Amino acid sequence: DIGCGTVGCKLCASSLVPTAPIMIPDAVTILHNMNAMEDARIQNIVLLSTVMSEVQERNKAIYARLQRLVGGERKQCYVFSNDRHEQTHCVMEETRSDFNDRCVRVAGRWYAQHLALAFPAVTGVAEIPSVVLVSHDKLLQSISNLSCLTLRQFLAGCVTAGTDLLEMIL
């Protein structure tokens, strides 16, 4: 009963678009960059229920701000119940950090493989959708459409891609 939240997905037939990278931030990213999360320039966010629980656990004020973004219904973000979904549900030798790292990695791997099947590549037109785990940790131990970057790296890559596109038109 748990969908991916992506618009036009026939597998799950929603706020996410497959035409932009699917951002999956960990709790540390939200806690350290809540002002950025709230900014209109940051769109296409997957809020994992485990990540939400971790944000609620660490910061009261940050969680209320995160709930407001969801309750506002004007942002391109989706709450994915990774703890209820059969293919992503993890049960905790693991520390609280290692378990939370595994949760995000498992949900990210599911999203990447799922979106590649739901929106397959159209020859010379478009590639499969891109999934980005937004973390300071090397979640993918330091799937082609799955990556792990910090928010700074992700945003610097956006600037590089935009500059390259502007040079192409000029």
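Residue numbers run from 1 along the displayed sequence.
Between residues given as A13 and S14, how many of the deposited sequence are not built: none, 1 to 3, 4 to 9, or 10 or more?
-> 10 or more residues are missing.
Between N35 and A36, how many deposited residues lack coordinates (none, 1 to 3, 4 to 9, 10 or more)?
-> Missing residues, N35 to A36: none.
Report the stretch with the higher mean CA temperature factor, choosing between 53-61 and 24-32 on the basis of the entry.
-> Looking at the recorded C-alpha B-factors, 53-61 comes out higher on average.
118-126 versus 65-73 - greater average Cα B-factor per the deposited record = For C-alpha atoms only, the mean B-factor is higher in 65-73.
Looking at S135, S144, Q141, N44, which has the biggest Cα B factor in the entry?
-> Highest C-alpha B-factor among the listed options: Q141.
Check where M168 lands among this chain's C-alpha B-factors and tell me if it's the lowest, middle or highest third.
-> Answer is highest: the recorded C-alpha B-factor places it there.
Determine, from the deposited record, the chain-internal third of the Cα B-factor for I2: lowest, middle or highest.
-> It falls in the top third of the chain.
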